[PDB]
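Below: one structure, written as structure tokens.
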There are 2 protein chains.
Amino acid sequence: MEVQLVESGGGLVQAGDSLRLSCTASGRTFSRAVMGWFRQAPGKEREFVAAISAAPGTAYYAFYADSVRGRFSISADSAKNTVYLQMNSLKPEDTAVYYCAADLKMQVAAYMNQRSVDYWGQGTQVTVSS
Amino acid sequence: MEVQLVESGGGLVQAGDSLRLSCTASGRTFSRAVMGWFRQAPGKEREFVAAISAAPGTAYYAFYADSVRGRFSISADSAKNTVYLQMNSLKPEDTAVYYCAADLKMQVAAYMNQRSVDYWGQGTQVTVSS
């Protein structure tokens, strides 16, 4: 089987700055699974960040962790089978390895248990400088 | 919650040579899960490699994927809460990012699907040149 999720983007930014990440999904996964993002902060277990409903075309639900509400946003481009993670007003505390995830057992954007994730993209380092 | 798995090792190696992987887990996760190894060849989904489970006393049970039979040795050490994977007679075909896994539901080492994995260690590159 070919890799389901492929991540793009990352790097070092300054506090207050913004950065958007992206991830492609196979046609099949893009339409069947809830897709979302996780982040693995230094020395900590990866936490849920954001989720978007399955097959996010013209309309969809989005859901967020309290710690990123209003600052982070998830969206999609069905044409490119791609989902995005917009991160505004980054703080040093957002420094983490960012992971995209799919869960075929969910349809509506919600909290994702990492134990239930069917596929992961490769983690990407996002560093926010003080 | 602090990071459950922390893996070590990886790197460039010549065909025919050996390379060891190791991974630590928290005391609670180690004693509660079957530890495993997955690998993700370029452009592919992460495939099961080997699993190891604790049995009464000093005993363990080990299970290997057909692709890596005989050539790899899996082991674990309770005193250190670590699981090892010694890979021998490495081939270009073995080139992948290697992941250590913890499955809390499984009791005896057996084929492990990635969806059953509770925790992951940071991926580590292993490239085998001919």
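Taken together, the values in this text are just the output of simple stated rules run on the coordinates, not laboratory data. Every residue, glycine as well, gets a Cβ built from its backbone with ideal geometry; the counts of neighbours run over all protein chains shown.
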(request) Among the numbered conditions (1) within 10 Å of chain A (Cβ to nearest Cβ); (2) more than 16 Å from B:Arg32 (Cβ to Cβ), tell me where B:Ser130 comes up short. (result) (1)
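To keep it simple, each residue is scored yes or no on (1) under 28 Å from A:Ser129 (Cβ atoms); (2) charged (D, E, K, R).
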position: A:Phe63; (1), (2): no, no
position: A:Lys91; (1), (2): yes, yes
position: A:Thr95; (1), (2): yes, no
position: A:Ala110; (1), (2): no, no
position: A:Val117; (1), (2): no, no
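Starting from residues that are at the interface with another protein chain (Cβ under 9 Å from one of its Cβ atoms) and in contact with a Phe, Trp or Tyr (Cβ under 7 Å, 6 or more places away or on another chain), keep the ones in segment A:115-127 and report whichever is nearest to A:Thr24 (Cα to Cα).
Within segment A:115-127, the subset at the interface with another protein chain (Cβ under 9 Å from one of its Cβ atoms) is A:115-120, A:122-123.
Okay, now just the ones that are also in contact with a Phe, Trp or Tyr (Cβ under 7 Å, 6 or more places away or on another chain), so A:120, A:123.
Working: A:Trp120: 11, A:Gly123: 14 Å.
Looking at residues that are at the interface with another protein chain (Cβ under 9 Å from one of its Cβ atoms) and in contact with a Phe, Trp or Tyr (Cβ under 7 Å, 6 or more places away or on another chain), I get A:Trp120.
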(message) Quick check on my filter: what residues within segment B:23-39 are out of contact with any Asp or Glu (no Cβ under 7 Å at 6 or more places or on another chain) and away from chain A (no Cβ under 14 Å)?
(response) B:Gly27, B:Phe30, B:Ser31, B:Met35, B:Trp37
(message) Go through segment A:1-39 and report how many residues are crowded, with 18+ Cβ neighbours inside 10 Å, in contact with a helix residue (DSSP H, G or I) (Cβ under 9 Å, 6 or more places away or on another chain) and not in a strand (DSSP E or B).
(response) 2
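Going by what's in this entry, would A:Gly9 be described as in contact (Cβ under 8 Å) with a residue 60 or more places away in the chain and out of contact with any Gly (no Cβ under 9 Å at 6 or more places or on another chain)?
Numbers: in contact (Cβ under 8 Å) with a residue 60 or more places away in the chain: yes; out of contact with any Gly (no Cβ under 9 Å at 6 or more places or on another chain): yes.
Yes.
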(request) Answer yes or no: is there a residue in segment A:96-114 that is within 14 Å of another protein chain (Cβ to nearest Cβ), buried (at least 18 other Cβ atoms within 10 Å of the Cβ), touching a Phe, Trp or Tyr at 6+ places or on another chain (Cβ under 9 Å) and assigned to a loop (DSSP other than H, G, I, E, B). (result) yes
(message) Looking only at residues that are more than 17 Å from A:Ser31 (Cα to Cα) and small (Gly, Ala, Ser) in segment A:72-114, which one is farthest from the chain's Cα centre (by Cα)?
(response) A:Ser89
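Here is a yes/no grid of residues against (1) exposed (fewer than 14 other Cβ atoms within 10 Å of the Cβ); (2) touching a strand residue (DSSP E or B) at 6+ places or on another chain (Cβ under 9 Å); (3) among the aromatic types (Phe, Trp, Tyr):
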{"position": "B:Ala54", "(1), (2), (3)": "no, yes, no"}
{"position": "B:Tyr61", "(1), (2), (3)": "no, yes, yes"}
{"position": "B:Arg71", "(1), (2), (3)": "no, yes, no"}
{"position": "B:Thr82", "(1), (2), (3)": "no, yes, no"}
{"position": "B:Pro92", "(1), (2), (3)": "yes, yes, no"}
{"position": "B:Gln122", "(1), (2), (3)": "no, yes, no"}
{"position": "B:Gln125", "(1), (2), (3)": "yes, yes, no"}
{"position": "B:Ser129", "(1), (2), (3)": "yes, yes, no"}
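Only one of these is within 14 Å of another protein chain (Cβ to nearest Cβ), assigned to a loop (DSSP other than H, G, I, E, B) and not hydroxyl-bearing (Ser, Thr, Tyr): A:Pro56, A:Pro42. Name it.
Numbers: A:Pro56 fails: within 14 Å of another protein chain (Cβ to nearest Cβ).
Answer to the selection: A:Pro42.
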